[PDB]
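Where a number appears in this text, it was derived from the coordinates with a stated rule and is not lab data. For neighbour counting, all protein chains shown are included, and Cβ atoms are generated from backbone atoms with ideal geometry for every residue, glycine included.
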Amino acid sequence: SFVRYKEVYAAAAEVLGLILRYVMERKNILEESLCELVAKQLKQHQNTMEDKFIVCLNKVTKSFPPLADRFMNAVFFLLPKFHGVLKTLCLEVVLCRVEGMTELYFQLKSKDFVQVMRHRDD
Amino acid sequence: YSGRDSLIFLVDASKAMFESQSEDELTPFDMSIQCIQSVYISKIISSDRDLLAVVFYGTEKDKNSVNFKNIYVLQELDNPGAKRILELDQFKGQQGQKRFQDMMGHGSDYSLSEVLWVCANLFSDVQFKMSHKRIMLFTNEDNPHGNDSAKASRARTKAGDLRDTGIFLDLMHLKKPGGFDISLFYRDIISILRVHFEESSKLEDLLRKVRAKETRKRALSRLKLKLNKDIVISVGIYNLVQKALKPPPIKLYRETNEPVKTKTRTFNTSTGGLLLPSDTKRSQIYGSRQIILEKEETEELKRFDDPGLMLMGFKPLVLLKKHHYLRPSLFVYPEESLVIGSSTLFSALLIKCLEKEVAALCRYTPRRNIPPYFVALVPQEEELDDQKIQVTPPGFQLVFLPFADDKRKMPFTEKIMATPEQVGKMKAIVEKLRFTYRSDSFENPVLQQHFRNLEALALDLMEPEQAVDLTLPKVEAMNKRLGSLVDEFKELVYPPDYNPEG
Amino acid sequence: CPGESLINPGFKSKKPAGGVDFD
Amino acid sequence: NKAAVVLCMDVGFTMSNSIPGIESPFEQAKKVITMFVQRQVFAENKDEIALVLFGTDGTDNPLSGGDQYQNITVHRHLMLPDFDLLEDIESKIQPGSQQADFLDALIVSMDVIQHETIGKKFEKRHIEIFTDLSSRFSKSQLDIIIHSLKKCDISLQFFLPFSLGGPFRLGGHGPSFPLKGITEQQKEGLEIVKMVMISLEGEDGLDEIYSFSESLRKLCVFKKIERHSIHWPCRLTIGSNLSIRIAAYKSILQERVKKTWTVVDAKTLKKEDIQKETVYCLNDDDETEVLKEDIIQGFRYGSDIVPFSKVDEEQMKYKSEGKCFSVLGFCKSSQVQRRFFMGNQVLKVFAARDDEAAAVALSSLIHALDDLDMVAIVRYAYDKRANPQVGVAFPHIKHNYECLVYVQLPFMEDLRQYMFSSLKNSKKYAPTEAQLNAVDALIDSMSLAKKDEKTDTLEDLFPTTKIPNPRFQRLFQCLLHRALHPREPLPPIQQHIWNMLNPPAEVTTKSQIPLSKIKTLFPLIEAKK
Amino acid sequence: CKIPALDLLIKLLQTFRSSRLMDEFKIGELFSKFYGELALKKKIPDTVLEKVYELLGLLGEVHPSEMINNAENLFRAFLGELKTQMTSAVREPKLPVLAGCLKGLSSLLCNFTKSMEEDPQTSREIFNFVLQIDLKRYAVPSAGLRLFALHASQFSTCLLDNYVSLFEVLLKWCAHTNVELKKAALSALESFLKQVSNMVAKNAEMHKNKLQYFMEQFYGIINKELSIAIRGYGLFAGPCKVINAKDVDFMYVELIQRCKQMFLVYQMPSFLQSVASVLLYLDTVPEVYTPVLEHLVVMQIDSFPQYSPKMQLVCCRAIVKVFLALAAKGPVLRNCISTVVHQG
DNA sequence: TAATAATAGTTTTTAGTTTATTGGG
DNA sequence: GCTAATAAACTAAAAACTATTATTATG
């Protein structure tokens, strides 16, 4: 939650996402309470600012896809607002959601994918 | 600065809102039409810097970027404009509704998941700093999704997701003869016991036109009051009351209506060549001698102290004359941005001065090259109403002390008394005319009439609304309640031949 | 929320001007 | 109209000297007369001013018939002042060596007034004299002088180097001169002048004798040469069957400079050679010029702008029907707080003069409203083109007259709402007991009110409302410096201006220790400017 | 007027720098229109929008008399703007872009105007003296340095005072961060040194400044600072020919000693320029040094590589200077040039 | 090789004008 | 019976308020 320099919360997201990927080395689940804690921390004072929020969410989904379902609409809601690499960042948040194949076509076309894909950002 | 407010209006395109059990009353469609007209007029007056949209569901046709059937966006999220008002008014009335039904469908099925999707997309289109996301639905039936259990399930799932995403859904009761039937399908689905055969929940205020600028919260200046020279405390200065003035006009062309800019030039006379500020010399002629000076000395002669406050001392509230008023007062609040910990000391000093009933007199410097006046800081204890909402902010009232040369001399007036029975007559007259005054009771009729004319000409009305002036005394009622008392006191004081008018 | 304007969130509900009564 | 004012300054040597660390009474008197004359000139008053000097080395007056009114040199006769007068006061006025009776100077000055009040009229005849009372005087013409003043109605005000009734602050609070150092000549002169003006005026005689330093922060010097405020001839109305003629006055009114800064050339120093124009050219099309009247005002309307001429509004304006003052109702005085007193001036209203019935009615109203703790709601209209406004009328009774005070009141449009946090409920900002006690001690050491001995009355150590605004003083100081020295930098703010600006140093000495307590007990951190 | 205005104006600037003297002659009327538009009382144009001065700073045209008449008006406007901006008495030292713009216009205008022939020459010069901290960028100090370097000849007979203070402030400016500031300070310093050397050469009071300002620093010097002193000694060897000429070659002699330490790596061009100057002032040369200087210069030519382009240019300039110096002595000319080309 | 830091862009007064308009003589 | 300011409305103008964005730092 300490957003003063990027390394602080960046490395915090790094370690916590690694933990959530390798908690009990994916052999047991009772630390889901900690997943709720980190999700709340995301909700607490970060959805009101939503710039470091997307960064930490991106990293943790790079380390743990199944959490991002808690913010699908959220990560969709924030999509058109950004215009720089932030957009880019949110993009790979979608990449981790192979489990998100419920429906994305209507989302992306409503999110107006065609402009960002048409734009030349390799 | 903080976020803005986003409003979404979603009316059902069906048969229910175009019909009523009593056609003498307004159809739900049409009454919603005047409702949106009134709210858009109020928004234009107050906060035209926000986003408003119009969209319908249940229509036979559809039009939306999401391309959902029976979902037709009528207006995108935008600042209100007279074009929107007329675009809505052309469908107003028991003939505008027939037109709407003519070139626009209505009555088909729909999906609340679909409308939630399209409204979420529309809100997502806004890239500005938002704070409020209010969605107003317009239907009088909780059944249409109770018919299909899966439809209700997905609708309430999406509604929960939307309300968790900061979206606020509020319910507009609509006149259902069988009852709006709340608590059956809505309070479990809306973001928040009479079944509401009627519609009026707060539609009375929605239809009520409001004329107020309602400027958002802002800081006039964060001055930094010095105690002696170094123990200095950051404070915030606001004006909870501030004169509302007519916005300035807009110079435009009388043949294209576009605003024409103006450029202003200082130049020669003998030659007429364009000149520079260096060529400009301040002059002042006293008697027969002209003194020449420049601007910089003019503001430096107004520059004595740094922008801030310099305490003069402490004085009981009784030592100030009630008629001693110069300029409308200000409000002072503790500030912890520059000086941290000043809130504790502000609380301590407020408590101590409230106990000691002494106000703090200070030397005030608003900005650079500004005159330091004398300001009295009266304690202002917080007051809560019945619902415990702050009706009096906690802090200080900063009033201004006029100088000796800020007061004018008058011809001397003698003292002439009156009989106590005349005083009793005055008391009886006052009691016959007594009431309780509140600050929210009287407006500026001149401004209200100017407004009404402005919207009337914007709407191209044949006639403007007449402003109701509450500053006009009802002479007939006052005379009815007084009767004898007036001429009784007249005969008591004024001679029968000597009327007040010579 | 009670005592708040549904027209404008964050603002108190507005009531029509009461004029004057007599006691 | 016009005031026949003359100044009689002693050019004696006695006040040419002073205690070290205290400016000469001659010098302080020169400062006071310079500020008086700078106000006179820079206000461009139409009041003739004359200067008579007694105690001069020479003698120059029409009454010098040999051993009569000697050491009296008349410097200036009765005419309007000028910058030449200022420069003569600054330079031509020098400390002399002779002394003379001030009664002789009074007789000479009054004779000059009589010889020069002719040929015109005067709203007032006035004179001030600066003296230290250390010069011997012959108490012989006191009765004749008093009778002549009564028969010709000339007002007087006197000022002294020492206080009338340790630290020394010229033009500021604190003792001006100890009262134990006055010579017996000064004491006898003080008694003589006390009885003279007590007989001349009555009991308020002691109110016109003052000190220089206290007069530097007060309008007592100008208190007898001012102009009354014009009335507002109108009629209050109650219903359709009661109306009383009124004469309102702006008791409190913000002051502004009456001389704007004219712009002239940098070479010829002429406004004529430097005149003005404005240009309305199209924002596009290579700045094509829109004709001056072709522009028409419009107005912002939400997201749109509508063309809208002034003629349209003036024919659809909500007209105000003339000048009227209609009462709208009555409410309790407790229903109003000081934060709702709007407007930039205070109308201390009055009824029509010489209307005893109106006076009786207004007194009855004042009594009824005061006994009931009650106030009135009234509507104001200056004239047809004015903007109607609402205001509050509350009683105000003086020892010699009752009155009603009008202050304009706001509408809902003027109201704003800003939410706050309950500091009294702030758990993170609860003051400690030691901090509270230190704050209380500082307040005791800082208060400018002392409970008067043997009485319940309360005194003020800083009478702000009797001090003028110091923009004009420094303004005129720099103006005269530039006029006399248009080659030199502006003179800084004079020390007496700080003396009136600063509170008494005794309160500061009391607060010395509790201020240290506060700064030690509060961990206040700052930020970069 | 926004960032697009910024970029359009800089585009116009770089256009005049690139395109100039071919057909860009439709600008005098544009110049007058720009003068009028800046003279507009409406000072909405931000400090960033002040690059208009760089706009008005013009060198692409022959500048007919119209711009000549406007020049004095511009100059007094700059004096007023500088007086307004610098004074911290008004608590407004804000000159984020204005002062640099005035620098640019003065640089582009003084190339053909206002030499040392009148009083206001020192007046604007005074505005240069006031040149503490510039927020990690240091735009305007470097600007003043460049402006002085361009027209140091326009400030003569009035820069002689404060000589030690100017010298030390130049030293500190070239001894700071922002290497661009350092090189601008070096350019201004060398221009100042050239001007003062010329003045004291033509001054009959050269002894005064010599004993007051030059010998002190010259002996007190002993990084490029040493090479800066090498320039100083080489240029001040000139005036010593006027007074105590017998010492001149004497310093030249010890200069030889210096390159003895050098013989057994950027100070050599300074050595070459200094010896070129002294030989220009010298008349009789120790012939024992001729093979010595031959060996030194050919070793310098051998040491030409290992160099960045900048001091390659510096060293070639110094080589040209030494050739010009040796050009004064016919037999020395021919034999030295033959030997140097052979060995090289 | 990639992070921070003054920094200009919309509101809002407010000092100096500009309007004729009542008030008289 | 001989003309007379005046506050309102109108400007300019100046400051405070969020809101960003080169810039070294390091390599």
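Along Cα→Cβ, 7 Å out, is where each label goes; now give me the distance between the ones at D:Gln335 and E:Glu287 in nm to one decimal.
Inter-label distance under the simple model: 12.2 nm.
Order these peptides, B:469-479, B:441-451, E:301-311, B:491-501, by their mean beta-carbon neighbour count within 10 angstrom, highest first. Write down the numbers at each step before the final one.
Values: B:469-479: 15.7, B:441-451: 20.6, E:301-311: 11.2, B:491-501: 12.8.
Peptide ranking by packing, descending: B:441-451, B:469-479, B:491-501, E:301-311.
Per residue of B:316-325, how many C-beta atoms from partner chains lie within 10 Å of its own C-beta, taken as a mean?
Mean inter-chain Cβ contacts per residue within 10 Å come to 6.
To one decimal place, what Kirkwood hydrodynamic radius in Å is obtained for chain B from all pairs of distinct Cα atoms?
29.8
Between the stretch B:360-439 and the stretch D:1-79, how far is it from one alpha carbon centroid to the other, in angstrom?
With the stretch B:360-439 and the stretch D:1-79 each reduced to a Cα centre, they are spaced 45 Å.
Which links in B:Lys356/B:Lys388; D:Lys194/D:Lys510; E:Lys183/E:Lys246; B:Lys263/D:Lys319 stretch past 29 Å when you go from one Cα to the other? Don't skip to the end; give the middle numbers.
Values: B:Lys356/B:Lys388 27 Å; D:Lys194/D:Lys510 37 Å; E:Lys183/E:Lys246 35 Å; B:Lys263/D:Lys319 34 Å.
Pairs exceeding 29 Å: D:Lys194/D:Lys510; E:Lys183/E:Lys246; B:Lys263/D:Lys319.
Are there any trypsin sites (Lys or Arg not before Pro) in the stretch E:1-41 that are in a DSSP loop and have at most 13 other Cβ atoms within 10 Å? List them by number.
Taking the stretch E:1-41 and a limit of 13 other Cβ atoms within 10 Å, the loop trypsin sites (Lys or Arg not before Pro) found are E:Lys2, E:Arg20, E:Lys26.
Counting only other residues whose beta carbon sits under 11 Å from that of D:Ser333, what net charge do I get with K and R as +1, D and E as -1? Walk me through the numbers on the way to the answer.
Numbers: positive: B:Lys322, D:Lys332; negative: D:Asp370, D:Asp373.
Here the count lands on 0.
With r defined as the distance between the Cβ atoms of D:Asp143 and D:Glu44 and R0 fixed at 56 Å, what FRET efficiency is calculated, to the nearest 0.05?
0.90
Suppose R0 equals 25 Å. What FRET efficiency, 1/(1 + (r/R0)^6) with r the Cβ-Cβ distance, do A:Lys40 and C:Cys1 give to the nearest 0.05? Display every interim value, and only then the final one.
On the way: r = 24 Å, r/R0 = 0.96.
For A:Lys40 and C:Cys1, the calculated efficiency is 0.55.
So, in Å, what gap is there between the alpha-carbon centers of chain C and the stretch A:62-122?
So the two Cα centres are separated by 44 Å.
Could you work out, residue by residue across D:247-257, how many beta carbons of other chains sit within 10 Å of that residue's beta carbon, and then give the average as an integer?
5
In straight Cα distance, which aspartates and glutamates are under 13 Å from B:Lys246, not counting same-chain residues fewer than 8 positions off?
Excluding near neighbours in sequence, the set is D:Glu313, D:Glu413, D:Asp414.
Measuring from centroid to centroid over Cα atoms, what is the spacing of the stretch B:149-187 and the stretch B:449-469 in Å?
If you average the Cα positions of each part, the centres end up 39 Å apart.
Counting other Cβ atoms within 10 Å, which chymotrypsin sites (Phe, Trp or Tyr not before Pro) in the stretch D:214-294 have at most 16 and lie in a DSSP loop?
For chymotrypsin sites (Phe, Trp or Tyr not before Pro) across the stretch D:214-294 that sit outside H, G, I, E and B with at most 16 neighbouring Cβ atoms in 10 Å, the list reads D:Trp261.
Using Cα positions and a limit of under 14 Å, work out the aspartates and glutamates in reach of D:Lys150, with same-chain residues fewer than 8 apart set aside.
Cross-link targets: D:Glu201.
Quick one: net charge around D:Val112, please, counting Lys, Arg +1 and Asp, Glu -1 for every other residue with C-beta under 15 Å from its C-beta.
-3
Determine the alpha carbon to alpha carbon distance for each of B:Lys175/B:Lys202; A:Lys43/B:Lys133; E:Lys182/E:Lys224; D:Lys276/E:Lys42; E:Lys43/E:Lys114 and list only those over 19 Å.
E:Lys43/E:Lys114
So which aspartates and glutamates pass the test for E:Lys241, namely a Cα distance under 12 Å, with those fewer than 8 places away in the same chain ruled out?
E:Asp249, E:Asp283
Among D:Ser176, D:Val327, D:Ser516, which residue has its Cα positioned farthest towards the positive end of the charge dipole of the protein assembly as shown, with +1 placed on the Cβ of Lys and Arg, -1 on the Cβ of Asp and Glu, and the dipole taken about the Cα centre?
Projecting each Cα onto the dipole axis, the largest value belongs to D:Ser516.
Excluding E:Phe16 itself, calculate the net charge of residues whose Cβ lies under 11 Å from the Cβ of E:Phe16, where each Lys or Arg counts +1 and each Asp or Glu counts -1. Mind showing how you got there, number by number?
Details: positive: E:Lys11, E:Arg17, E:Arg20; negative: E:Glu24, E:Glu54, E:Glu61.
Computed value for this residue: 0.
Counting each DSSP H run of 4 or more residues in chain D as -39500 (n - 2.57), what helix-only mean residue ellipticity at 222 nm follows after dividing by all residues, to the nearest 500 deg cm²/dmol?
My calculation for chain D gives -8500 deg cm²/dmol from helical runs alone.
Could you sort out which of B:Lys229/D:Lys427; B:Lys427/B:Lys490; B:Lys229/D:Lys517 sit more than 20 Å apart by Cα distance in this structure?
Pairs exceeding 20 Å: B:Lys229/D:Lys427.
Trypsin sites (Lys or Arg not before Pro), restricted to the stretch B:5-101: which are DSSP loop and have at most 16 other Cβ atoms within 10 Å?
B:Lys15, B:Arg49, B:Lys61, B:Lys69
Need one value for D:329-341: mean number of C-beta atoms belonging to other chains within 10 Å of its residues' C-beta atoms.
Taking all residues of D:329-341 together, the mean is 6.
Determine the dipole magnitude for the protein assembly as shown: charges of +1 sit on the beta-carbon of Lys and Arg, -1 on that of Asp and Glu, nothing else is charged, the reference point is the Cα centre, and the result goes in debye to the nearest 20.
About 2820 debye.
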